[PDB]
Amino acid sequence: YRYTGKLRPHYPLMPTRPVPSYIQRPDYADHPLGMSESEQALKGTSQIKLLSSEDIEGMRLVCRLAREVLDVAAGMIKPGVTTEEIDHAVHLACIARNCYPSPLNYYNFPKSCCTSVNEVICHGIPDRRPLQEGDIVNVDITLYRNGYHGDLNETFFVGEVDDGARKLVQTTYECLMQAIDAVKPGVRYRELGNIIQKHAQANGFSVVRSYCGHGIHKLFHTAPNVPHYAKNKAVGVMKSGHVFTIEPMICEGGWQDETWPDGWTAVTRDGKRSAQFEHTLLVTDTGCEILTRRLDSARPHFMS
C-alpha cells in the first residue's frame, strides 16, 4: 500500500476493551462479524421512522450523554496524547453513563470512537500515535442507551495550527450550521448538499462524496441517506418527528477518498487535510432541535 500523506498507523492496538455485562448492548455487539440484524432487515428501504414521544425522550437522553462524552475527549486534545488514550477515556466515559460505545464491534470496528487526524476523512482507528502540534483531529462519538443511538463529532486543533487549518475547520463548521438552519418540515433531504457545497466551494474546498449523513434512532445508521454535495439524488422529505445526522466532510484539495488496508481508515487520495462536524437533529414544527448541542457553551471547542 502507498500512503497518500504523512500519517501512518501506529500498531499494535491494545486488545479490544470489554464492556461490562450490565450495559445494554446493540444486536451487532455479539455478532461475530459485527453485523446488525435490525439494520440489515431494512437494507435498501427508503422509508423514514416517525418517532414517538417515548422515542424522542430516549433520543434526547442518549444525545445529551454523547455530548458529555465528546466534551470528555475535547479536554484531552493536546500534543503527545495518543488517539488510543482518547479512546480509553471515551470508553470509560460511556460505561460511566451506562452507555455502550456504538462503534465498538460495529462491523468489527475495533475501537469505541473514531479519531481522524489531518488527511483522514473519517473512521480513523485510535492507535499509538501521539498527537503533534499543528495537527487537526476529529473525534466521532456515538453512544447507545436503552435502545437508542446518539451521534456527534467535532474537529479540534492540537496546540497552535496554521491558517489553512483554521480556515478549513471554520468553514466545515459553517457548512454544518448553514445546513441545520435549513432544516424544517417540507424540505427535501437532497437540498442540504446544495447548501453545504455552495459554502465549501466558495472557500476553495471540496466535499467528500462517499460518506453521508444518516437516520439514527433504534438503528446506528438507517434511512435517510443524506449526501453533503450538490445535485444529489437523496430520497425523502423532512417531517416533524424525523431524526437524522448532518456530518459534512470537507477537504483542502480534491474530494476523492480511499481506504487504508485496515478496511476502515478513509483518507484523501491527495494527502491534503479534511475536517468534519456532526450533529444529530430532530425535525420539529418550527425547524429542528439540535439534540447533540453543547448545553453550557455557545460554541464548538475549536473556538472556545
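We call the rigid core the largest set of C-alpha positions that still match within 1.5 Å between the two forms. One-based numbering along the sequence shown.
In terms of root mean square C-alpha deviation after superposing on the rigid core in 5 other deposited structures of this protein, the stretch standing farther out between 40 to 48 and 275 to 283 is 40 to 48.
In this crystal structure, the stretch out of 178 to 186 and 115 to 123 whose C-alpha atoms carry the higher mean B factor is 178 to 186. When the two stretches 276 to 284 and 7 to 15 are set side by side, the higher mean Cα temperature factor goes to 7 to 15. Out of 68, 37, 258, 247, the entry records its largest CA B-factor for 37. By the numbers in the PDB entry, the CA B factor is greatest at 76 among 212, 169, 76, 92.
Per the PDB record, residue ranking by Cα B-factor puts residue 135 in the middle third of the chain.
Remark: residue 165 belongs to the highest third of its chain, ranked by C-alpha B-factor as recorded. The PDB entry assigns residue 269 a C-alpha temperature factor belonging to the middle third of its chain's modelled residues. Per-chain ranking of the deposited C-alpha B factor places residue 64 in the lowest third.
For residue 80, the recorded CA temperature factor ranks within the highest third of the chain's modelled residues.
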